[PDB]
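Take a look at this one chain, the form deposited in one PDB entry, written out in structure tokens.
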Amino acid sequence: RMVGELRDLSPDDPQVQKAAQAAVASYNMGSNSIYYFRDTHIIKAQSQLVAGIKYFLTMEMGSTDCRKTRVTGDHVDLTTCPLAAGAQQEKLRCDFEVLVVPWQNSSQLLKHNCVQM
């Protein structure tokens, strides 16, 4: 078995960004809201070395005006989805654990825990 150091990374790190996008996309596939949520801010980002790499992300999200009825996943561009304003506006502070392995393309959201703000 292989277990490594838990290290702090920059939120702007390009591989942290991909992990975040995989974390958000997985949340939307399993969330109860009609609207797609979107990452607004990445607060903290750590990485741990395993047979692969685990990414421990603390990040803020926001509900959008984009709906699952009108737009399907895998074909949704969250950059074209505006944050909902008033009445619907819902914010979440989420902890994400993203596993990335070399033999796979799709990263996995292994665990999550969101908390309204």
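Start at 1 with the first residue shown and count on from there.
S.K.: On average, which has the higher Cα B-factor in the deposited entry, 58-66 or 80-88?
M.R.: If you average the C-alpha B-factors of 58-66 and of 80-88, the larger mean comes out for 80-88.
S.K.: What stretch has the higher average Cα B-factor here, 45-53 or 69-77?
M.R.: So the stretch with the higher mean C-alpha B-factor is 69-77.
S.K.: Give the position of residue 9 by CA B-factor within its chain, expressed as the lowest, middle or highest third.
M.R.: Ranked within chain, residue 9 CA B lands in the highest tercile.
S.K.: Place residue 15 in the lowest, middle or highest third of its chain's C-alpha B-factors, as listed in the PDB entry.
M.R.: CA B-factor rank for residue 15: middle third.
What follows is about the form deposited in another entry, which we do not show.
S.K.: Between the rigid parts turning between this form and the one not shown, which of 50, 28, 81, 21 is at the hinge point?
M.R.: Looking at the options, the one at the hinge is 50.
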